[PDB]
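For reference, the chain that follows is the form deposited in one PDB entry, supplied as structure tokens.
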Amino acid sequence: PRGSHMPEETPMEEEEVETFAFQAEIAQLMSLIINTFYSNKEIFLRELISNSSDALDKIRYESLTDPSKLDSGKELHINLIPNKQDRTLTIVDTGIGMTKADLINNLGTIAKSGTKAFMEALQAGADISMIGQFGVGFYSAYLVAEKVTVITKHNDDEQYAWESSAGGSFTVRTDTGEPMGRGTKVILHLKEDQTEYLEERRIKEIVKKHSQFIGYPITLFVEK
């Protein structure tokens, strides 16, 4: 016989993980990117927004051939979410997303034919901006980020998280966070001295400077 139970008186989820070694020259690039000073680091955002733009082109075309592909969401766009509390900058798109095998192949495991050429150009003093011509622009994220997590959902697979703090390895895991529906979320965990990339004025400045010709709307979400 009880009139009142207190809160302290009232199941284990199981996530599968896989750990991968970066391709040798990818790992060398990452070290070079992380451990060398570059001015002009702001170009990281151009590279990530170009990737979103490419993934949005892909879904726009796939869906011409099959309206069914936009069942996972019709709106084609990019959102930028700085968070000063946890020091993350999140780039979200509703492009094609990546399958599990896409993450494993495209972000780290397969050799890229421009990496050796990029590393020589950089050691000769090329601006890191040149990274966009060498097919390795994703890694520019590590100019400003100590860790990068990629959350992604493709129509043909489940939701996956890829994550890396560099140092030769990344992980891919099944993700049961907030469901995405379709697209990719790049979550940059900013290095302590790179917090300017959480300011609304700086974000507007660099989109205006470098991402003026993007054929999808970009919205900035600013916490009050």
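Heads up: residue numbers just count along the shown sequence, starting at 1. We call the rigid core the largest set of C-alpha positions that still match within 1.5 Å between the two forms.
Form solved in complex with a small molecule: not shown, discussed below.
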Mark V222 yes when one of its heavy atoms lies within 4.5 Å of a heavy atom of the small molecule in the deposited complex, and no otherwise.
no
According to a 4.5 angstroms non-hydrogen atom cut-off, is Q212 in contact with the small molecule in the deposited complex?
yes
Superposing on the rigid core, I want to see if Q85 changes position between the shown form and the other one - specifically a Cα shift of 2 Å or more.
no
So, superposing on the core, is the move of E75 at the CA at least 2 angstroms between the shown form and the other one?
no
Is there a C-alpha shift of 2 Å or more at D127 between the shown form and the other one once the rigid core is superposed?
yes
Cα-Cα shift for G108 and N51, closer or farther in the deposited complex, minimum 3 Å:
closer
Under comparison with the form shown, the C-alpha atoms of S165 and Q123 in the deposited complex shift by 3 angstroms or more, placing them farther
